[PDB]
Amino acid sequence: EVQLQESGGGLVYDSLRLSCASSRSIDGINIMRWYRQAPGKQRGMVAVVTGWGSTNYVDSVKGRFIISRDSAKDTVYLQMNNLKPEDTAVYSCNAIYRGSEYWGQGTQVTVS
Amino acid sequence: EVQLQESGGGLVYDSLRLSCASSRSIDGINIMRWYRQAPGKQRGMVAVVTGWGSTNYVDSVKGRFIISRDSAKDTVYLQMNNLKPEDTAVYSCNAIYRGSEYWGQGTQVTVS
Amino acid sequence: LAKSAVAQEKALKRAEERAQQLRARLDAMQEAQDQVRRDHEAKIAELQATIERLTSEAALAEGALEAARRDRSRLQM
Amino acid sequence: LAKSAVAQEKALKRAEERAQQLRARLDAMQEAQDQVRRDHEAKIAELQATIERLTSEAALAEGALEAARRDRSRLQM
Amino acid sequence: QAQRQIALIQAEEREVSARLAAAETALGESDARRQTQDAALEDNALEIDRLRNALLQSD
Amino acid sequence: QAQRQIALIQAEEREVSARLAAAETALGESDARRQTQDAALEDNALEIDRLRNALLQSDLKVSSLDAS
C-alpha cells in the first residue's frame with residue numbers, strides 16, 4: 001500500500017499556502033492531480049502536475065494558480081493569491097500509482 | 001495528419017459495425033478513440049481503446065457495442081450489435097498523433 | 001634457432017593477453033544491455049498504466065456526467 | 001624442436017584471427033546500441049506527448065461540467 | 001543534413017580508428033624484432049672478425 | 001552540435017596527415033632497413049662460410065704435417 005499526507009489550512013480577512021507531502025514511493029509518480037470539494041457537494045479536479053511538469057489547470061483558475069514540483073522531496077506546491085470569497089471548498093490532493101488511484105485525508109480552504 | 005476515412009454504419013431498424021480505417025501510420029497508434037453526438041447537443045465519446053489491448057466502455061454501449069483492434073490493417077473494429085432504439089445518433093472516429101489531434105467524417109446511425 | 005624459437009614464445013604471450021583484453025571490454029559493455037535496457041523496458045510498462053486509467057476515469061467523467069447533466073439542464077423544455 | 005616453431009607459428013596465426021574475428025562483433029554491438037539509443041528517445045516523447053495534452057482535456061472538459069453545474073443549485077433546492 | 005555529417009563521422013572515425021589500431025601494432029613489434037635482429041646478427045658479426053684473425057695466424 | 005561535428009572533421013583530417021602519416025612514413029623506414037639487414041644476413045652468412053670452412057680447409061695441415 002501507499003500513503004499520502006495533506007497540509008495547508010488557513011483563514012484571512014491575505015496570505016495562504018497549501019502542501020501535500022508523501023513519505024513513501026517517493027517520485028514514483030506519473031500523473032497526479034489536485035481537487036476541491038464544495039460542502040455537501042461533489043468533487044472535481046482543480047490543478048495537476050505530471051512527469052514533465054507541464055502546466056494546465058481547470059478554467060476557473062486561469063491566471064489564478066501557479067503549480068510547481070520538487071522531484072526529490074515529493075511535495076508539490078500551488079500559488080494562491082488574490083482570493084475571492086467564492087473559491088472556498090474542501091481540498092484533497094490526488095495521485096495515481098501503477099494505474100491505481102490513491103486519496104488522502106482531505107482539507108478545506110476558506111476565505112470570507 | 002491522418003486521414004481517418006471512416007465508414008461502416010447504416011440506417012436500419014440488425015447487425016452493424018463501425019470500422020475506422022487508416023491512411024498512414026500502421027499502428028503508430030497511441031490513444032485513439034471514437035465520438036458520437038445527438039442533434040441539438042455537442043459531442044461525446046462511445047468507446048476508447050489503447051495500443052495495449054486494454055479496452056473500456058462507457059456504460060451505455062456495454063453488452064451491445066464492441067470495440068477491438070486489428071493491427072495487421074490498422075482498422076479499429078467497433079462492432080454494432082443488438083441495435084436498440086436509443087442507438088440512433090451521429091458518429092465519428094478519432095486518433096491522436098504528434099499531439100495534434102485529427103478527425104474525419106463519421107456517419108449517421110439511426111436504429112429504432 | 002634459439003632466438004627464433006624464443007621469439008615466437010614471447011610473441012604469443014601478448015596476443016593471448018589481448019584475448020582477455022578484448023573480451024574484457026566485451027564482457028563489460030555487454031552487461032550494459034542486460035540491466036540498462038531491461039529496466040528501461042519496465043518504465044514503459046509503468047508509464048503504460050496511466051494511459052489505462054485516465055481513460056477509465058474519464059469513461060465515467062465524460063459520459064455519465066453528461067448523460068444526465070445536460071438532461072438535467074433541459075429546463076429549456 | 002626443429003618443427004616446434006611450425007606448431008608455434010599457427011598459434012601466432014590462430015590467435016591473430018581471434019583478434020580479427022572478435023573485433024567485428026565489437027563493431028556491430030556499438031550500432032546495436034546507438035541506433036536503439038535513437039529509438040528510445042522518440043518513443044518516450046511520442047508516448048509522453050499523447051499524455052501531456054490528455055490532462056488538458058481531462059480538465060477543460062470538466063470546465064463545462066463545473067462552470068455550468070453552479071446553476072442547478074438555484075432551482076433544485 | 002545533420003544526419004549527413006553524422007553519417008560520415010561514425011564512418012570516418014571507424015576507418016580512422018582502424019589505421020590508428022593497425023599502424024600502431026604494425027610498427028611496434030616489427031620495430032622490437034628489428035633491433036633484436038640487429039643485435040642478433042651484429043654480435044656474431046665479430047664472429048667472422050674474430051676468426052679472420054684466427055685463420056691468418058696459422059695459415 | 002552538428003557544426004562541432006563539422007569542426008571535428010578538419011581536425012580529424014589533421015590527425016591523419018599527422019600521427020596517421022608519421023606511422024605510415026615509419027613503415028617505409030623499417031621495411032627498407034629490414035631488407036638491408038635481411039639481405040646482409042645472407043651475404044654475412046656467405047662471407048662467414050667461405051672462411052669458416054677455409055678454417056677447416058686450411059687448418060687440416062696442422063696435424064697431418066706433424067707426422068713428418
# chains A, B, ... in the order shown; residues from 1 in each chain; ligands from 1
$ closest_atom_pairs --of "range 19-39 of chain A" --to "range 30-50 of chain C" --cutoff "10 Å" --atoms "only C-alpha atoms" --output "Markdown table"
| residue | atom | partner | partner_atom | distance |
| --- | --- | --- | --- | --- |
| A:28 | CA | C:46 | CA | 9.3 |
| A:29 | CA | C:47 | CA | 9.2 |
| A:30 | CA | C:47 | CA | 6.7 |
| A:31 | CA | C:50 | CA | 7.1 |
| A:32 | CA | C:50 | CA | 9.9 |
$ interface_residues --of "chain D" --to "chain A" --cutoff "7 Å" --atoms "only C-alpha atoms" --output "number ranges by chain"
D: 52, 56, 59-60, 63
$ calpha_fit_and_write --fixed "chain D" --moving "chain C" --output "short mmCIF file (atom, residue, chain, number, x, y, z; two decimals) with C-alpha atoms, in the first residue's frame"
data_model
loop_
_atom_site.label_atom_id
_atom_site.label_comp_id
_atom_site.auth_asym_id
_atom_site.auth_seq_id
_atom_site.Cartn_x
_atom_site.Cartn_y
_atom_site.Cartn_z
CA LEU C 1 64.58 -25.83 -34.29
CA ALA C 2 62.79 -25.49 -37.61
CA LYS C 3 59.54 -27.21 -36.63
CA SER C 4 59.47 -25.34 -33.31
CA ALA C 5 60.10 -21.97 -34.97
CA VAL C 6 57.48 -22.65 -37.64
CA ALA C 7 54.98 -23.93 -35.07
CA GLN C 8 54.74 -20.62 -33.22
CA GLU C 9 54.49 -18.85 -36.58
CA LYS C 10 51.31 -20.67 -37.57
CA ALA C 11 50.24 -20.65 -33.91
CA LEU C 12 49.88 -16.87 -33.65
CA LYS C 13 48.05 -16.53 -36.97
CA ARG C 14 44.87 -18.17 -35.65
CA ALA C 15 44.64 -16.25 -32.37
CA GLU C 16 44.91 -13.05 -34.39
CA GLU C 17 41.92 -14.22 -36.40
CA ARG C 18 40.07 -14.62 -33.10
CA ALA C 19 41.20 -11.05 -32.43
CA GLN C 20 38.92 -10.03 -35.27
CA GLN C 21 36.56 -12.95 -34.63
CA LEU C 22 35.84 -11.71 -31.12
CA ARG C 23 35.76 -8.04 -32.05
CA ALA C 24 33.37 -8.94 -34.87
CA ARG C 25 30.52 -9.96 -32.57
CA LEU C 26 31.40 -7.04 -30.30
CA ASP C 27 31.12 -4.45 -33.07
CA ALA C 28 27.76 -5.81 -34.22
CA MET C 29 25.96 -6.38 -30.91
CA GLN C 30 27.25 -3.02 -29.68
CA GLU C 31 25.36 -1.40 -32.55
CA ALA C 32 22.28 -3.16 -31.14
CA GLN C 33 22.28 -0.41 -28.52
CA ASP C 34 23.04 2.71 -30.55
CA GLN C 35 19.77 2.50 -32.50
CA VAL C 36 17.46 0.01 -30.78
CA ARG C 37 17.44 1.70 -27.37
CA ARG C 38 17.99 5.26 -28.62
CA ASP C 39 14.77 5.21 -30.65
CA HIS C 40 13.15 3.22 -27.84
CA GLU C 41 13.84 6.33 -25.79
CA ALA C 42 11.96 8.43 -28.35
CA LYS C 43 8.70 6.46 -28.25
CA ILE C 44 8.52 7.22 -24.53
CA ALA C 45 8.69 10.92 -25.39
CA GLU C 46 6.11 10.45 -28.15
CA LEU C 47 3.73 8.66 -25.78
CA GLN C 48 4.67 11.32 -23.24
CA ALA C 49 2.80 14.12 -25.01
CA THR C 50 -0.61 12.48 -24.71
CA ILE C 51 -0.36 12.60 -20.92
CA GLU C 52 0.26 16.34 -21.24
CA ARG C 53 -2.86 17.09 -23.30
CA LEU C 54 -5.49 14.74 -21.86
CA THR C 55 -4.85 16.73 -18.69
CA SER C 56 -5.06 20.04 -20.55
CA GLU C 57 -8.20 19.06 -22.48
CA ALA C 58 -9.86 17.73 -19.34
CA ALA C 59 -8.68 20.87 -17.54
CA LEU C 60 -11.44 22.76 -19.31
CA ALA C 61 -13.66 19.69 -19.60
CA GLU C 62 -13.88 19.01 -15.87
CA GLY C 63 -13.80 22.41 -14.18
CA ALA C 64 -15.39 24.94 -16.52
CA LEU C 65 -18.04 22.52 -17.76
CA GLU C 66 -19.00 22.02 -14.10
CA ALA C 67 -18.42 25.47 -12.62
CA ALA C 68 -21.44 26.70 -14.61
CA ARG C 69 -23.43 23.55 -15.43
CA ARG C 70 -24.25 22.62 -11.85
CA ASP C 71 -24.64 26.36 -11.31
CA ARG C 72 -27.16 26.39 -14.18
CA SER C 73 -29.03 23.41 -12.73
CA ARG C 74 -29.51 25.31 -9.47
CA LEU C 75 -33.21 25.46 -10.42
CA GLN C 76 -33.72 23.86 -7.00
CA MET C 77 -33.14 27.39 -5.68
#
$ closest_atom_pairs --of "chain E" --to "range 1-22 of chain F" --cutoff "12 Å" --atoms "only C-alpha atoms" --output "JSON lines"
{"residue": "E:1", "atom": "CA", "partner": "F:2", "partner_atom": "CA", "distance": 8.7}
{"residue": "E:2", "atom": "CA", "partner": "F:2", "partner_atom": "CA", "distance": 5.7}
{"residue": "E:3", "atom": "CA", "partner": "F:2", "partner_atom": "CA", "distance": 8.7}
{"residue": "E:4", "atom": "CA", "partner": "F:2", "partner_atom": "CA", "distance": 9.6}
{"residue": "E:5", "atom": "CA", "partner": "F:6", "partner_atom": "CA", "distance": 6.9}
{"residue": "E:6", "atom": "CA", "partner": "F:5", "partner_atom": "CA", "distance": 7.3}
{"residue": "E:7", "atom": "CA", "partner": "F:5", "partner_atom": "CA", "distance": 10.8}
{"residue": "E:8", "atom": "CA", "partner": "F:9", "partner_atom": "CA", "distance": 9.1}
{"residue": "E:9", "atom": "CA", "partner": "F:5", "partner_atom": "CA", "distance": 7.5}
{"residue": "E:10", "atom": "CA", "partner": "F:5", "partner_atom": "CA", "distance": 10.6}
{"residue": "E:11", "atom": "CA", "partner": "F:9", "partner_atom": "CA", "distance": 11.4}
{"residue": "E:12", "atom": "CA", "partner": "F:9", "partner_atom": "CA", "distance": 8.7}
{"residue": "E:13", "atom": "CA", "partner": "F:12", "partner_atom": "CA", "distance": 8.2}
{"residue": "E:14", "atom": "CA", "partner": "F:12", "partner_atom": "CA", "distance": 11.7}
{"residue": "E:15", "atom": "CA", "partner": "F:16", "partner_atom": "CA", "distance": 10.7}
{"residue": "E:16", "atom": "CA", "partner": "F:16", "partner_atom": "CA", "distance": 7.6}
{"residue": "E:17", "atom": "CA", "partner": "F:20", "partner_atom": "CA", "distance": 10.0}
{"residue": "E:18", "atom": "CA", "partner": "F:20", "partner_atom": "CA", "distance": 10.5}
{"residue": "E:19", "atom": "CA", "partner": "F:20", "partner_atom": "CA", "distance": 7.1}
{"residue": "E:20", "atom": "CA", "partner": "F:20", "partner_atom": "CA", "distance": 6.6}
{"residue": "E:21", "atom": "CA", "partner": "F:20", "partner_atom": "CA", "distance": 10.1}
{"residue": "E:22", "atom": "CA", "partner": "F:20", "partner_atom": "CA", "distance": 10.3}
{"residue": "E:23", "atom": "CA", "partner": "F:20", "partner_atom": "CA", "distance": 7.9}
{"residue": "E:24", "atom": "CA", "partner": "F:20", "partner_atom": "CA", "distance": 9.3}
{"residue": "E:27", "atom": "CA", "partner": "F:22", "partner_atom": "CA", "distance": 10.6}
$ write_last_selection --atoms "N, CA, C and O atoms" --output "tab-separated table (two decimals), in the first residue's frame"
chain	number	residue	atom	x	y	z
E	1	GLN	N	20.40	17.28	-42.93
E	1	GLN	CA	21.84	17.40	-43.17
E	1	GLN	C	22.65	17.08	-41.93
E	1	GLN	O	23.84	16.76	-42.04
E	2	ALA	N	22.04	17.15	-40.75
E	2	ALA	CA	22.74	16.71	-39.54
E	2	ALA	C	23.07	15.23	-39.61
E	2	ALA	O	24.16	14.81	-39.21
E	3	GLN	N	22.15	14.42	-40.13
E	3	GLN	CA	22.43	13.01	-40.33
E	3	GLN	C	23.49	12.80	-41.41
E	3	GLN	O	24.21	11.80	-41.39
E	4	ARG	N	23.59	13.74	-42.36
E	4	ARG	CA	24.60	13.62	-43.41
E	4	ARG	C	26.01	13.72	-42.85
E	4	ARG	O	26.86	12.86	-43.10
E	5	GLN	N	26.28	14.78	-42.08
E	5	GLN	CA	27.60	14.93	-41.47
E	5	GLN	C	27.86	13.82	-40.47
E	5	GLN	O	28.97	13.29	-40.38
E	6	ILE	N	26.83	13.44	-39.70
E	6	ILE	CA	26.96	12.34	-38.76
E	6	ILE	C	27.29	11.05	-39.51
E	6	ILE	O	28.17	10.29	-39.10
E	7	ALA	N	26.60	10.80	-40.63
E	7	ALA	CA	26.79	9.54	-41.35
E	7	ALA	C	28.26	9.28	-41.66
E	7	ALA	O	28.71	8.13	-41.66
E	8	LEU	N	29.02	10.35	-41.91
E	8	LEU	CA	30.45	10.17	-42.14
E	8	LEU	C	31.22	10.06	-40.83
E	8	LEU	O	32.27	9.41	-40.79
E	9	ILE	N	30.73	10.67	-39.75
E	9	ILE	CA	31.58	10.79	-38.56
E	9	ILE	C	31.79	9.43	-37.90
E	9	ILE	O	32.89	9.13	-37.43
E	10	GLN	N	30.76	8.59	-37.86
E	10	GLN	CA	31.00	7.21	-37.44
E	10	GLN	C	31.71	6.45	-38.54
E	10	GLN	O	32.54	5.57	-38.27
E	11	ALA	N	31.41	6.77	-39.80
E	11	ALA	CA	32.08	6.11	-40.91
E	11	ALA	C	33.56	6.45	-40.94
E	11	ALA	O	34.41	5.56	-41.09
E	12	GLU	N	33.90	7.73	-40.78
E	12	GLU	CA	35.31	8.12	-40.86
E	12	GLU	C	36.09	7.65	-39.65
E	12	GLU	O	37.18	7.08	-39.80
E	13	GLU	N	35.55	7.86	-38.45
E	13	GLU	CA	36.29	7.51	-37.24
E	13	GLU	C	36.60	6.02	-37.19
E	13	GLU	O	37.69	5.63	-36.76
E	14	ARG	N	35.67	5.18	-37.65
E	14	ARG	CA	35.93	3.75	-37.69
E	14	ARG	C	37.08	3.43	-38.64
E	14	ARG	O	37.95	2.60	-38.32
E	15	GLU	N	37.10	4.07	-39.81
E	15	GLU	CA	38.27	3.95	-40.68
E	15	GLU	C	39.50	4.59	-40.05
E	15	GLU	O	40.61	4.08	-40.21
E	16	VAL	N	39.31	5.70	-39.33
E	16	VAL	CA	40.43	6.32	-38.63
E	16	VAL	C	40.94	5.39	-37.53
E	16	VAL	O	42.13	5.10	-37.45
E	17	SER	N	40.03	4.89	-36.68
E	17	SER	CA	40.45	4.02	-35.58
E	17	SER	C	41.16	2.79	-36.11
E	17	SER	O	42.10	2.29	-35.48
E	18	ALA	N	40.73	2.29	-37.27
E	18	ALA	CA	41.35	1.11	-37.86
E	18	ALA	C	42.82	1.37	-38.18
E	18	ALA	O	43.68	0.52	-37.92
E	19	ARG	N	43.12	2.54	-38.73
E	19	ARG	CA	44.51	2.83	-39.10
E	19	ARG	C	45.32	3.30	-37.90
E	19	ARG	O	46.54	3.13	-37.87
E	20	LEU	N	44.67	3.89	-36.89
E	20	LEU	CA	45.34	4.06	-35.60
E	20	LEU	C	45.66	2.71	-34.98
E	20	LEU	O	46.76	2.51	-34.46
E	21	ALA	N	44.71	1.78	-35.01
E	21	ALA	CA	44.95	0.47	-34.42
E	21	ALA	C	45.98	-0.32	-35.23
E	21	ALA	O	46.92	-0.88	-34.67
E	22	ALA	N	45.80	-0.38	-36.55
E	22	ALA	CA	46.64	-1.25	-37.37
E	22	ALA	C	48.08	-0.76	-37.40
E	22	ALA	O	49.02	-1.54	-37.19
E	23	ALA	N	48.28	0.53	-37.66
E	23	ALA	CA	49.64	1.05	-37.81
E	23	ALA	C	50.41	0.94	-36.50
E	23	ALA	O	51.61	0.64	-36.50
E	24	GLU	N	49.74	1.20	-35.37
E	24	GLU	CA	50.41	1.11	-34.08
E	24	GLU	C	50.90	-0.30	-33.81
E	24	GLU	O	52.03	-0.50	-33.34
E	27	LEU	N	53.73	-1.23	-36.58
E	27	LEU	CA	55.07	-0.68	-36.39
E	27	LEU	C	55.77	-1.31	-35.19
E	27	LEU	O	56.96	-1.63	-35.26
$ residues_around --residues "range 79-94 of chain A" --least-positions-apart "4" --cutoff "9 Å" --atoms "only C-alpha atoms" --output "JSON, numbers by chain"
{"A": [4, 5, 6, 14, 15, 16, 17, 18, 19, 20, 32, 33, 34, 35, 36, 37, 38, 39, 43, 45, 48, 64, 65, 66, 67, 68, 101, 102, 103, 104, 105, 106, 107, 108, 109, 110, 111, 112]}
$ write_last_selection --atoms "N, CA, C and O atoms" --output "compact mmCIF listing (two decimals), in the first residue's frame"
# COMPACT_ATOMS: atom_id res chain seq x y z
N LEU A 4 -0.42 9.05 1.48
CA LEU A 4 -0.32 10.48 1.19
C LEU A 4 -0.48 11.28 2.47
O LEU A 4 -0.85 10.74 3.52
N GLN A 5 -0.21 12.58 2.38
CA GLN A 5 -0.33 13.46 3.54
C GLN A 5 -0.60 14.89 3.07
O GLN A 5 0.19 15.45 2.31
N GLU A 6 -1.70 15.47 3.55
CA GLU A 6 -2.12 16.80 3.15
C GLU A 6 -1.56 17.85 4.11
O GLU A 6 -0.93 17.54 5.11
N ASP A 14 -4.01 39.16 3.00
CA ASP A 14 -4.42 37.80 2.68
C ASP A 14 -3.23 36.94 2.25
O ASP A 14 -2.74 37.06 1.13
N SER A 15 -2.79 36.06 3.15
CA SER A 15 -1.66 35.19 2.91
C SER A 15 -2.05 33.75 3.22
O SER A 15 -2.61 33.47 4.28
N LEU A 16 -1.77 32.84 2.28
CA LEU A 16 -2.21 31.46 2.41
C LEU A 16 -1.31 30.56 1.58
O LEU A 16 -0.72 30.99 0.58
N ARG A 17 -1.20 29.30 2.00
CA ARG A 17 -0.40 28.30 1.29
C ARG A 17 -0.97 26.91 1.53
O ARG A 17 -1.64 26.67 2.54
N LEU A 18 -0.70 26.00 0.60
CA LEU A 18 -1.05 24.59 0.72
C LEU A 18 0.13 23.70 0.35
O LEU A 18 1.05 24.11 -0.36
N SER A 19 0.08 22.47 0.85
CA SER A 19 1.11 21.48 0.57
C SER A 19 0.53 20.09 0.76
O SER A 19 -0.35 19.89 1.60
N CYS A 20 1.04 19.13 -0.01
CA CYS A 20 0.60 17.74 0.09
C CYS A 20 1.84 16.86 -0.10
O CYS A 20 2.30 16.67 -1.23
N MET A 32 -0.50 12.98 -11.32
CA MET A 32 -1.15 13.19 -10.04
C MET A 32 -1.78 14.57 -10.07
O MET A 32 -1.29 15.47 -10.76
N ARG A 33 -2.86 14.75 -9.31
CA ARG A 33 -3.70 15.92 -9.53
C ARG A 33 -4.23 16.45 -8.20
O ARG A 33 -4.04 15.84 -7.14
N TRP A 34 -4.90 17.60 -8.26
CA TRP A 34 -5.47 18.26 -7.09
C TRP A 34 -6.96 18.49 -7.27
O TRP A 34 -7.45 18.67 -8.39
N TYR A 35 -7.69 18.50 -6.15
CA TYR A 35 -9.14 18.55 -6.14
C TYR A 35 -9.63 19.58 -5.14
O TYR A 35 -8.88 20.03 -4.27
N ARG A 36 -10.90 19.95 -5.27
CA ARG A 36 -11.61 20.70 -4.23
C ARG A 36 -13.03 20.17 -4.12
O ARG A 36 -13.59 19.67 -5.10
N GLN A 37 -13.60 20.27 -2.93
CA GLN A 37 -14.95 19.76 -2.68
C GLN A 37 -15.81 20.87 -2.08
O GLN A 37 -15.47 21.43 -1.04
N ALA A 38 -16.92 21.17 -2.74
CA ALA A 38 -17.90 22.09 -2.16
C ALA A 38 -18.67 21.37 -1.06
O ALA A 38 -19.01 20.19 -1.21
N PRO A 39 -18.95 22.03 0.06
CA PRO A 39 -19.55 21.33 1.21
C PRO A 39 -20.87 20.67 0.83
O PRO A 39 -21.77 21.31 0.28
N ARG A 43 -17.11 16.35 -6.19
CA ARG A 43 -15.67 16.52 -6.16
C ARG A 43 -15.13 16.57 -7.59
O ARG A 43 -15.62 15.87 -8.47
N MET A 45 -11.44 17.96 -10.20
CA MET A 45 -10.06 18.39 -10.29
C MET A 45 -9.96 19.91 -10.22
O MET A 45 -10.89 20.64 -10.57
N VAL A 48 -3.13 20.15 -11.69
CA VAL A 48 -2.42 18.91 -11.97
C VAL A 48 -0.95 19.19 -12.26
O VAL A 48 -0.58 20.27 -12.72
N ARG A 64 -4.72 32.39 -12.09
CA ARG A 64 -5.05 32.44 -10.68
C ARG A 64 -4.13 31.54 -9.85
O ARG A 64 -3.74 31.90 -8.74
N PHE A 65 -3.79 30.38 -10.39
CA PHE A 65 -2.96 29.40 -9.71
C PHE A 65 -1.69 29.12 -10.49
O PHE A 65 -1.71 29.03 -11.72
N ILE A 66 -0.58 28.98 -9.76
CA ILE A 66 0.70 28.55 -10.31
C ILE A 66 1.16 27.35 -9.51
O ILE A 66 1.23 27.41 -8.28
N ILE A 67 1.48 26.25 -10.20
CA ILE A 67 1.75 24.97 -9.56
C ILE A 67 3.13 24.48 -10.01
O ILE A 67 3.49 24.59 -11.18
N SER A 68 3.91 23.97 -9.05
CA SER A 68 5.29 23.59 -9.32
C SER A 68 5.69 22.42 -8.42
O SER A 68 5.11 22.23 -7.35
N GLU A 101 -5.49 4.67 -8.28
CA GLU A 101 -5.60 5.96 -7.62
C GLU A 101 -5.45 5.80 -6.12
O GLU A 101 -5.61 4.71 -5.56
N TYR A 102 -5.14 6.91 -5.45
CA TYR A 102 -4.92 6.90 -4.00
C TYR A 102 -5.25 8.27 -3.43
O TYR A 102 -4.52 9.23 -3.67
N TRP A 103 -6.33 8.34 -2.66
CA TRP A 103 -6.74 9.56 -1.99
C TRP A 103 -6.14 9.65 -0.60
O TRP A 103 -5.63 8.67 -0.05
N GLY A 104 -6.23 10.85 -0.02
CA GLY A 104 -5.72 11.10 1.31
C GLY A 104 -6.81 11.52 2.28
O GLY A 104 -7.99 11.20 2.07
N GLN A 105 -6.44 12.25 3.33
CA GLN A 105 -7.42 12.66 4.33
C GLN A 105 -8.36 13.72 3.78
O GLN A 105 -9.57 13.50 3.69
N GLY A 106 -7.82 14.86 3.39
CA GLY A 106 -8.63 15.93 2.85
C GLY A 106 -8.71 17.12 3.80
O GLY A 106 -8.83 16.96 5.02
N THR A 107 -8.65 18.32 3.23
CA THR A 107 -8.69 19.55 3.99
C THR A 107 -9.59 20.54 3.27
O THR A 107 -10.11 20.26 2.19
N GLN A 108 -9.76 21.72 3.87
CA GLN A 108 -10.58 22.77 3.30
C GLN A 108 -9.78 24.06 3.18
O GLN A 108 -8.81 24.27 3.92
N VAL A 109 -10.19 24.91 2.25
CA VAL A 109 -9.66 26.27 2.12
C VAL A 109 -10.85 27.22 2.10
O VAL A 109 -11.74 27.08 1.25
N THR A 110 -10.86 28.17 3.02
CA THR A 110 -11.95 29.13 3.15
C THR A 110 -11.40 30.54 3.15
O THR A 110 -10.36 30.80 3.76
N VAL A 111 -12.08 31.44 2.46
CA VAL A 111 -11.85 32.87 2.58
C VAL A 111 -13.20 33.57 2.68
O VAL A 111 -14.11 33.29 1.89
N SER A 112 -13.33 34.46 3.66
CA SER A 112 -14.58 35.17 3.90
C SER A 112 -14.36 36.38 4.79
O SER A 112 -13.48 36.38 5.65
$ closest_residue --among "E:25, E:30, E:45, E:38" --to "residue 44 in chain F" --atoms "only C-alpha atoms"
E:45
$ residues_around --residues "residue 47 in chain F" --least-positions-apart "6" --cutoff "10 Å" --atoms "only C-alpha atoms" --output "list in words"
residues 48 of chain E; 40 and 41 of chain F
$ write_last_selection --atoms "C-alpha atoms" --output "mmCIF file, in the first residue's frame"
data_model
loop_
_atom_site.group_PDB
_atom_site.id
_atom_site.type_symbol
_atom_site.label_atom_id
_atom_site.label_comp_id
_atom_site.auth_asym_id
_atom_site.auth_seq_id
_atom_site.Cartn_x
_atom_site.Cartn_y
_atom_site.Cartn_z
ATOM 1 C CA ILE E 48 83.858 -13.592 -38.570
ATOM 2 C CA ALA F 40 73.079 -8.740 -45.495
ATOM 3 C CA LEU F 41 72.437 -11.742 -43.239
#
$ residues_around --residues "range 31-37 of chain E" --least-positions-apart "6" --cutoff "9 Å" --atoms "only C-alpha atoms" --output "ChimeraX atom specification"
/C:3,7 /F:30,33-34,37-38
$ write_last_selection --atoms "C-alpha atoms" --output "PDB file, in the first residue's frame"
ATOM      1  CA  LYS C   3      66.419 -16.571 -30.760  1.00  0.00           C
ATOM      2  CA  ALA C   7      60.816 -15.031 -30.220  1.00  0.00           C
TER       3      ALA C   7
ATOM      4  CA  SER F  30      61.575  -0.383 -41.083  1.00  0.00           C
ATOM      5  CA  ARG F  33      66.183  -1.159 -43.205  1.00  0.00           C
ATOM      6  CA  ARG F  34      64.815  -4.682 -42.672  1.00  0.00           C
ATOM      7  CA  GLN F  37      69.927  -6.336 -42.745  1.00  0.00           C
ATOM      8  CA  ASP F  38      67.921  -9.280 -44.093  1.00  0.00           C
TER       9      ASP F  38
END
$ atom_distance --atom1 "CA of residue 74 in chain A" --atom2 "CA of residue 61 in chain A"
23.5 Å
$ atom_distance --atom1 "CA of residue 100 in chain B" --atom2 "CA of residue 97 in chain A"
27.0 Å
$ atom_distance --atom1 "CA of residue 52 in chain E" --atom2 "CA of residue 51 in chain F"
7.2 Å
$ select_by_dssp --residues "chain A" --states "helix (DSSP H, G or I)" --output "list in words"
residues 59, 60, 61, 85, 86 and 87 of chain A
